[PDB]
Every structure is written in structure tokens, then in C-alpha cells.
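Below is one structure; the comments refer to it alone.
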Amino acid sequence: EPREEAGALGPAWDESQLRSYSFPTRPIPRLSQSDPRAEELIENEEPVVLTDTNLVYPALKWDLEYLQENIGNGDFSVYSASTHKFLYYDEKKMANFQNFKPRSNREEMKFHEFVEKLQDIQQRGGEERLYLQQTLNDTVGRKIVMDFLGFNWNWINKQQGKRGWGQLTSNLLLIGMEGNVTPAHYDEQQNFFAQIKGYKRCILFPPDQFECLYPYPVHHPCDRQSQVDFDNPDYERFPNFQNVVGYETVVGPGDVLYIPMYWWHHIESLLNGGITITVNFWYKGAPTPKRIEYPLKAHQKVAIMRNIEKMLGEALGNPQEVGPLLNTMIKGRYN
Ligand SMILES: C[C@@H](CC(=O)O)C(=O)C(=O)O
Ligand SMILES: [Zn+2]
């Protein structure tokens with residue numbers, strides 16, 4: 001249920017701001033950083049919302065005005081779309097599938113141009129949607145460097161050390177409009193998802209529901225995204241989507257969601273909730289142990305399936321031949 005803001009300021013959000021879907025969910029635990037149950041969840045690679053990390057405490061003052069004045073004059077990747085879904089597509093892989101035409105268009109612009117183009121849309125009451133997704137780098141201004149240095153690195157660095165993870169891969173700044181949706185997908189890295197402004201509904205599915213979410217081919221630009229349209233699921237093509245069960249939560253300013261590697265997640269900015277701001281922390285997972293302990297975890301099988309598809313695309317000399325050969329291997333033999 002919705003949490004209540006301090007000072008009797010009412011519920012931060014209500015159920016009417018959530019989109020409706022066909023599957024059931026149960027809540028992700030919201031725990032304190034000092035709760036041993038939170039440490040045992042991160043250790044067992046299960047999601048958890050940490051409410052009091054102070055991970056991005058200096059950034060909780062961030063808004064469009066503050067950022068525009070201090071985030072520098074670097075280039076920011078801004079995506080536009082006529083729909084609320086911002087399906088990710090790997091541009092490097094668009095050569096393999098010359099028939100894929102993205103629904104989102106990427107435009108590289110300055111931050112003040114992003115704010116202005118967002119102002120125009122609001123002014124003219126247009127229905128275009130924008131989503132800024134840019135990796136933080138050296139080009140940021142002094143005040144943002146101060147904020148960045150003010151994050152609680154003492155806490156997240158200990159997490160990195162306790163779990164044997166690799167190095168921090170990147171920090172992605174996310175600024176989207178109310179109603180924006182990032183369709184279900186899984187990342188190969190560990191992710192700490194630090195909410196700053198606004199509220200986001202996060203629906204996670206464990207790796208063992210691979211069969212229910214039907215990822216695109218590895219060589220397809222939408223590699224690691226689900227093929228299922230959550231708004232209009234095609235049960236004829238994707239019958240096991242009727243068996244999907246998610247883990248749900250709504251994160252607000254100060255909350256940090258641990259999204260374990262290979263876990264699916266569907267993210268949506270709450271309807272009529274204003275703009276959302278997020279910063280995520282990606283870490284390379286711990287190395288694969290030398291002695292493999294059976295039975296294999298679900299994510300290890302996903303890793304195996306990915307490698308088979310990759311090798312097959314390399315050996316055949318064309319990723320388009322992957323499907324035909326795989327079907328030839330199974331039809332009347334393993335099915
Ligand atoms: C883009 C982001 C989701 C979102 O907040 O829209 C995500 O996949 C991640 O941080 O891992
Ligand atoms: Zn992700």
C-alpha cells in the first residue's frame with residue numbers, strides 16, 4: 001500500500017496512478033540498511049528496497065533548474081516517442097536486422113535544450129514524450145561534482161566488497177516524464193537503483209521466469225527486452241506469459257532498489273506524478289567460481305542460452321541463420 005509522507009502531508013501517491021496489467025504481484029521488502037534481512041537478501045541476490053542509505057542524499061535537492069545551472073554543457077542523450085513505452089534498442093545490432101525501425105528516436109542535445117523542448121511540449125499541451133538517459137561523466141559542473149562526491153560511497157563500496165562484485169561500471173542519469181514506461185528487460189550487471197525525484201513503480205521477475213517473458217534473439221537490437229506487450233499480451237505467441245508473477249514496489253526520493261543481475265524489471269513513472277529523476281549504480285557481477293556447484297542457478301542457464309546463440313551466430317557466419325538451425329536441431333528430436 002502507499003506510504004504516508006511525514007508531516008501529515010498525505011499519501012505521496014495513490015493506486016490510481018499505476019497502470020493495470022494482467023499478472024499478479026507481491027511486494028518487494030522495504031527494509032533499513034541496518035536490517036540483517038536486507039543483507040541476507042542482497043547476499044542471496046533477491047531484490048530489496050533500502051529506505052535509509054543516504055546513497056544520493058546530496059542529489060535529493062536536484063531539479064531541472066538546479067541541474068540546468070550546474071550540470072555543465074555536455075551532450076545528453078534524449079529519447080522521443082509518440083507512445084509511453086521507451087523500448088531500448090542496441091544501435092550496434094541494428095545492422096543484423098535492417099527491418100527493425102525503432103519507435104523511439106534519439107537526439108543528442110544540451111541540457112538547456114532538453115528543458116526547453118520539455119517546456120514547449122508542456123506549453124502547447126502536446127502528447128510527445130521525452131526520456132533523458134545519459135551516463136554521468138567528467139563534463140559535469142563543479143556543484144554536481146560536489147554532490148557526486150557527497151554520495152554515501154562508504155556504504156556502497158562495502159556492498160561491492162562484501163559481494164565480491166567487480167568495479168562500478170557507470171552511473172546513468174534518468175530524467176523522464178510522468179507516465180513513461182521502460183518495458184521489461186534484464187541487465188547482466190548488478191544494479192543499485194537510487195530514486196531522487198518523483199516516484200517509479202518497479203515490477204521485477206526472477207530469472208527463472210525466462211520461459212514466461214520471451215526475450216528477443218540475442219542478435220536482435222532489443223536483446224534482453226521482453227517481446228510481450230504488457231498492455232496487450234499476445235497469448236497465442238507467448239502462452240507462458242499467463243504464468244508470470246512479479247515482485248512490485250514504488251520507490252520515492254531516498255529509496256534505493258537493489259535489482260540483482262539477470263532479474264527482469266519493468267519501470268514506469270507514476271501517472272500524473274511529474275518528472276522523475278533517478279541515478280543507478282552498475283557493478284560487474286562476481287566472477288564465476290572455478291568449481292561449478294550443481295544444480296545450476298536460473299541465471300547460469302540464461303548465460304548458457306546466450307552463449308549458444310552467440311556462438312551459433314559466429315559459426316554460421318550470419319545471425320539470421322540461428323533460428324533455422326535451432327529449429328532443425330529440435331523438431332522431432334527434443335520436442
Ligand atoms: C533505464 C532503467 C529503467 C528506468 O528507470 O527507466 C534501467 O533499466 C536501469 O537502471 O537498470
Ligand atoms: Zn536496466
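Residue numbers start at 1 in each chain; chains themselves are named A, B, ... in the order of the C-alpha cells; ligands are numbered from 1 in the order shown.
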- List the neighbours of residue A:252 out to 9 Å using only C-alpha atoms; skip same-chain residues closer than 3 positions along the sequence, and give me the result as a list in words. residues 12, 194, 195, 196, 197, 198, 199, 200, 255 and 256 of chain A
Any chance you could export the current selection's C-alpha atoms as a JSON list (two decimals), in the first residue's frame?
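What ended up in selection03.json:
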[["chain", "number", "residue", "atom", "x", "y", "z"],
["A", 12, "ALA", "CA", 2.68, 10.51, -1.65],
["A", 194, "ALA", "CA", 18.61, 5.24, -6.41],
["A", 195, "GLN", "CA", 15.42, 7.30, -6.73],
["A", 196, "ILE", "CA", 15.86, 11.07, -6.43],
["A", 197, "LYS", "CA", 12.74, 12.91, -7.61],
["A", 198, "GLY", "CA", 9.24, 11.63, -8.29],
["A", 199, "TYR", "CA", 8.00, 8.07, -7.93],
["A", 200, "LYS", "CA", 8.59, 4.98, -10.05],
["A", 255, "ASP", "CA", 14.81, 4.89, -1.71],
["A", 256, "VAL", "CA", 17.37, 2.55, -3.26]]
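Contact shell of residue A:168 at 12 Å (only C-alpha atoms; same-chain neighbours under 2 positions omitted): residues 153, 156, 157, 159, 160, 161, 164, 165, 166, 170, 171, 172, 189, 190, 191, 192, 280, 281, 282, 283, 284, 285 and 286 of chain A.
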Sort by chain and increasing residue number a table of all residues of stretch 208-288 of chain A within 8 Å of stretch 49-69 of chain A, each with its closest pair of atoms and their distance in Å to one decimal, counting only C-alpha atoms, and write it as JSON lines.
{"residue": "A:251", "atom": "CA", "partner": "A:49", "partner_atom": "CA", "distance": 7.6}
{"residue": "A:253", "atom": "CA", "partner": "A:60", "partner_atom": "CA", "distance": 6.7}
{"residue": "A:254", "atom": "CA", "partner": "A:51", "partner_atom": "CA", "distance": 6.4}
{"residue": "A:255", "atom": "CA", "partner": "A:51", "partner_atom": "CA", "distance": 4.7}
{"residue": "A:256", "atom": "CA", "partner": "A:50", "partner_atom": "CA", "distance": 5.1}
{"residue": "A:257", "atom": "CA", "partner": "A:49", "partner_atom": "CA", "distance": 4.4}
{"residue": "A:258", "atom": "CA", "partner": "A:49", "partner_atom": "CA", "distance": 6.3}
Please save N, CA and C atoms of the selected residues as a PDB file, in the first residue's frame.
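And here's again_14.pdb as it stands now:
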ATOM      1  N   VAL A 251       9.194   3.194  -5.526  1.00  0.00           N
ATOM      2  CA  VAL A 251      10.317   3.874  -4.893  1.00  0.00           C
ATOM      3  C   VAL A 251      10.114   5.374  -5.020  1.00  0.00           C
ATOM      4  N   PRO A 253      11.849   9.451  -3.468  1.00  0.00           N
ATOM      5  CA  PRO A 253      13.112  10.100  -3.091  1.00  0.00           C
ATOM      6  C   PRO A 253      13.722   9.472  -1.847  1.00  0.00           C
ATOM      7  N   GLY A 254      15.000   9.104  -1.950  1.00  0.00           N
ATOM      8  CA  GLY A 254      15.730   8.486  -0.867  1.00  0.00           C
ATOM      9  C   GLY A 254      15.764   6.971  -0.911  1.00  0.00           C
ATOM     10  N   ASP A 255      14.838   6.344  -1.628  1.00  0.00           N
ATOM     11  CA  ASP A 255      14.806   4.892  -1.711  1.00  0.00           C
ATOM     12  C   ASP A 255      15.836   4.386  -2.712  1.00  0.00           C
ATOM     13  N   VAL A 256      16.424   3.237  -2.390  1.00  0.00           N
ATOM     14  CA  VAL A 256      17.367   2.553  -3.264  1.00  0.00           C
ATOM     15  C   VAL A 256      16.867   1.128  -3.452  1.00  0.00           C
ATOM     16  N   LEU A 257      16.643   0.739  -4.703  1.00  0.00           N
ATOM     17  CA  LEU A 257      16.182  -0.599  -5.046  1.00  0.00           C
ATOM     18  C   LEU A 257      17.365  -1.409  -5.559  1.00  0.00           C
ATOM     19  N   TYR A 258      17.631  -2.542  -4.916  1.00  0.00           N
ATOM     20  CA  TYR A 258      18.631  -3.479  -5.411  1.00  0.00           C
ATOM     21  C   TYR A 258      17.983  -4.358  -6.472  1.00  0.00           C
TER      22      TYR A 258
END
- If you count only C-alpha atoms, which residues fall within 8 Å of residue A:134, apart from same-chain ones fewer than 3 positions away, as JSON, numbers by chain? {"A": [76, 77, 78, 172, 173, 174]}
Pull the closest atom pair for each residue of chain A that gets at most 8 Å from ligand 2, along with the distance in Å to one decimal, counting only C-alpha atoms and all ligand atoms, ordering rows by chain and then ascending residue number, as a tab-separated table.
residue	atom	partner	partner_atom_place_in_ligand_line	distance
A:185	CA	ligand 2	1 (Zn)	6.6
A:186	CA	ligand 2	1 (Zn)	6.0
A:187	CA	ligand 2	1 (Zn)	5.2
A:191	CA	ligand 2	1 (Zn)	7.6
A:265	CA	ligand 2	1 (Zn)	7.0
Output file for the selection above: C-alpha atoms, as an mmCIF file, in the first residue's frame:
data_model
loop_
_atom_site.group_PDB
_atom_site.id
_atom_site.type_symbol
_atom_site.label_atom_id
_atom_site.label_comp_id
_atom_site.auth_asym_id
_atom_site.auth_seq_id
_atom_site.Cartn_x
_atom_site.Cartn_y
_atom_site.Cartn_z
ATOM 1 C CA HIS A 185 14.201 -6.304 -19.609
ATOM 2 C CA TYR A 186 17.145 -7.763 -17.713
ATOM 3 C CA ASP A 187 20.701 -6.494 -17.307
ATOM 4 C CA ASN A 191 22.228 -2.538 -10.176
ATOM 5 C CA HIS A 265 12.400 -5.287 -14.291
#
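Within stretch 16-136 of chain A, DSSP run on the backbone puts these residues in alpha helix (DSSP H): residues 36, 37, 38, 39, 40, 41, 42, 43, 64, 65, 66, 67, 68, 69, 70, 111, 112, 113, 114, 115, 116, 117, 118, 119, 120, 121, 122 and 123 of chain A.
With distances taken over only C-alpha atoms, A:248 is the one residue among A:229, A:248, A:314, A:46 lying closest to residue A:28.
Computed from the coordinates, the atom CA of residue A:74 to atom CA of residue A:144 distance equals 12.8 Å.
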- Message: List the spatial neighbours of residue A:72 as a ChimeraX atom specification - criterion: any atom at most 9 Å away, only C-alpha atoms, same-chain residues fewer than 5 positions off excluded.
- Response: /A:67,110-111,139-142,144
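The shell of residues at most 8 Å from residue A:104, with only C-alpha atoms counted and near chain neighbours (fewer than 5 positions) removed, consists of residues 79, 80, 81, 82, 86 and 87 of chain A.
By only C-alpha atoms, and with residues fewer than 3 positions from residue A:320 along its chain excluded, the set lying at most 8 Å from it is residues 96, 313 and 323 of chain A.
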